[PDB]
Structures are given as C-alpha cells and as structure tokens.
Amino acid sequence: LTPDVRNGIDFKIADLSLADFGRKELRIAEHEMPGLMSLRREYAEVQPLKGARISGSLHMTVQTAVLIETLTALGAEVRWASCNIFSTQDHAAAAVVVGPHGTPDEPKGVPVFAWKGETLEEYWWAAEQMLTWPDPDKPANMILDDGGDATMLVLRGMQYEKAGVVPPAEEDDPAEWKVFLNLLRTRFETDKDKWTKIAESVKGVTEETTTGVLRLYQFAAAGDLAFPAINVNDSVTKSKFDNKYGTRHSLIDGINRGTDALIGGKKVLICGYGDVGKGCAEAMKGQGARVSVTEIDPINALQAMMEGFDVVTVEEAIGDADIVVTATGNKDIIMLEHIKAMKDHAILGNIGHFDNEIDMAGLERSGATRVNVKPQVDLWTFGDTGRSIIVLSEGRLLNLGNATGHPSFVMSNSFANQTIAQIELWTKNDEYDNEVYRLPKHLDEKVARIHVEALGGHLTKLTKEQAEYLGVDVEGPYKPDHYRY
C-alpha cells in the first residue's frame, strides 16, 4: 500500500473526483459552523498556528474537513487520518486533498489518508502515514486526537523502542491489537527511533472524546505521558452538547439508514446513561419507543428513572428488546450469550467509541452465519435457535458508520473547543506540564455565546448591581468551577 502523490501532496483516499460534491457540502457546513467561522475571522491576521505541524486523528467527515481548513486558515500544516474504519465520508476527504481553490488535477489541500471501509491493516498504515511527516528534521509537533490512537501509536511506539523490543501478541489478543503491534514490529526492524523522535517533537495533544481522555489519564498516572494534553471532551460545550445533543441526532439517523425499522412502539434498550446514553434515550423516547436503560452508576441510573426509564440489567431485558444500543465506553456489554438471547430480527448497535462493547469476536467465532445486507448492515443467523439478529457497522460506532455522525451545528461546538485548544497549547506551550488540562470556563462561554447568537437567542446582560450580587463579572465567568449545568 503506497500513498498517491499529486501536485506535491501525498494522500490515500477513495476518489478524488468526489471533491466537487465534497466542496458543496463543506460550504453548506460553514454556514452551520459559526464556531469555526468566527475563529477563522478573529484569528486570520494573527496566524497563531504558524509552525504547527498537526497530525490529526479524527473521523474524516464534512464537519472535520471544516476544522482542518480552519486550522490551515490559521497558519498550520496538517496531515489527517480517520480514527475509525467506517467513519470517513469519502467526498469530504476528496474535498480536503483538493482544498477550496484546487481541482483533482491541481490539488491545493492537505495530506489525507482515509476512506470509508478500511481494513484494520489499512487503518493502521494510514494512521502511520498521518503521523509520518515528509521532512525527517520536521516531524509532527502537535496531535489532534479522537480516541487516542495517534497518541497510543507514538507513546507505545517510543516505549517499545526505549525497551529495545516490540513484544509479540497472544493468540487471543484483539485483532486490532495484533495489527498494531505488527506495524510497530515491522517498522522497528527498519527504523529504531522513529516514535521516540516524534514523541519528542510533539508539543501537545488535544483529545476529543471520553475513551481517549481516560487513556490520557491512564498514561499520565503511569508517568508515561510525554507532552501536555488538553482534555477537549470535558469542556462543557463539548460533553453536554456533542455527546448528548449530537447523539440525540445521529443515533436515530444511523438506525434509519441501516435498517429503516420503526422506532415508535418498539422496546428499546440503552446501555449506559452518560451524555451519550442520555441523548440516545431521549432520541428514542422522542420517537415513541419504550426505553429502558442499563447502568452501573447509581447516580446516572436514578437520573434515568426520574426521566421515565426503567433501570434494568442486560440479563433480564435482552430477550424482549427490539433494538439494543451500547453507549458505555466499557468492554463486554453485550456478550455472545446475550446475542443468542435476542428475539428474531432484533437490532443490535454500538454508539460507544470502540467495537468491544458488543462481543463481535465471539459472534464472529460463534458459527453464526452472516449475510451482508448492504454496507455496514449484516444479518447474523444462529443455527440452534433459527433466529437472526441485524448488527450495525460490525459493532462500530453506528452513527458515523451507518450515517454521517453528528450534525455540523453540533460539531461546531466540539471543533471550536479543539481549535482553541490547539491555539492555546501551541502559543503558550511553556505554561503547561506533561499533565492533562481542561479549558478555562470563559473560553467555553465564548464557544456557547457564538452558538446562541447564531441560533438567534438573546442573552441578558447583568447590571452593575446584579454582578456584585452574584459576585461575578458582567462578562463572566458566571458559574463556580465545579458547576455541573
């Protein structure tokens, strides 16, 4: 597998001719992303990202493409890869290679290695490409990460270099894990210091999602986190809006494109009642479904009950569920035994960041027979029961794999948060240690205020007197630091 090179830009993507359709959709999205568009304006002269060489690992969609070009508009060079084998929107990847003023013959964009429907092998080669900058003396100096695959490939790659060996894999490590070690192994026979030099070049990572953030926290606790990290997931305008309201949008979109099943009247089981399970549950309720929820956290569970949902175990409920969704960020939610419990033609999906929430390995080793219905939609049949289950996206985040992930207006929040964090970490890199940070609240309020005004909400201004009363500035921050919204 070798990159394609066209006008001095290396890339690997499905179809460059898709760039014109891409570009139309990016222009509509610009109008739905006032967060990115307002940062392109405010920061257009300052070029705060000059010198940045951002390796981005993030679903290669239309919304991402507007983030990329926000980042280039602000002075950075970028190289991109998807953080998921089914997340890439192919017209969008074409539109990024091509750039606003390029064509397929004369592209004027950025390196992108991503298409919809990678193999695990293809997936990890692209991430490597995304991370390996052309000039050996100018490696990546910034990571923009979603789920921490880029971060993991750098930190563990350096780890196994410093140790002088990449270890082999156990016959039953995840496939995903075998592939990853294999790439690391192969490159170690040829280049014995690649990741070490990258890890040393990288000045910061910015991390977009819960799963990724947890992995950061587990690196920093191991003493093994080699550069500053901003936790972008836990900006208020990210977690409470993307994880929740985005999912309220894109969960039923994904189930729609994949199955066209009526949601109304059906029994629905939502595993997890974090931000994501919250949107899931509220999306499904809005559509007339009968929803129960699973949880391990008593606080989130009591929220569910108060919100009208039975709190049940997978054990007691799975046999009656017409549609099952995992939304935990944990492993081993729906096992093979749970899948064999499900009613004929029930639907099973994962909206959590990785495929191990459902036991897809054990379903693949089970002896069930698989009939592909269409892309990312599989009928599985169990000989002993004669029942068949519809599985979405091979147990990968179904909203990005069966549809288009969250909408632009929502990613504007997330990506505005990300753009700020890239700017912050790059311009003020010396004011951070190798720990995990969150953005100051006044920046989150900046991010929300943009979207209120765009939507046409009218915020009230505190009087002199009211601000002293609440003990705040008329211009914020307006809430204590531990405030929960």
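Residues carry their position along the shown sequence, with the first being 1.
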query: Greater mean Cα temperature factor according to the PDB record, 375-383 or 317-325; finding: 375-383
query: Stretch with the higher entry mean CA B-factor, where the candidates are 164-172 and 349-357; finding: 164-172
query: Member of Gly272, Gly362, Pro111, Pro136 with the greatest C-alpha B factor (per the PDB record); finding: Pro136
query: Peak C-alpha temperature factor (PDB record), options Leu462, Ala19, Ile9, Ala14; finding: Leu462
query: Among modelled residues of the same chain, the CA temperature factor third for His59; finding: lowest
query: Third of the chain, ranked by Cα B-factor, where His458 sits; finding: middle
query: Chain-relative CA temperature factor third for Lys331; finding: middle
query: Where the record places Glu189 (Cα B-factor, split into thirds across the chain); finding: highest
query: Within-chain third of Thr237 by Cα B-factor, per the entry; finding: middle
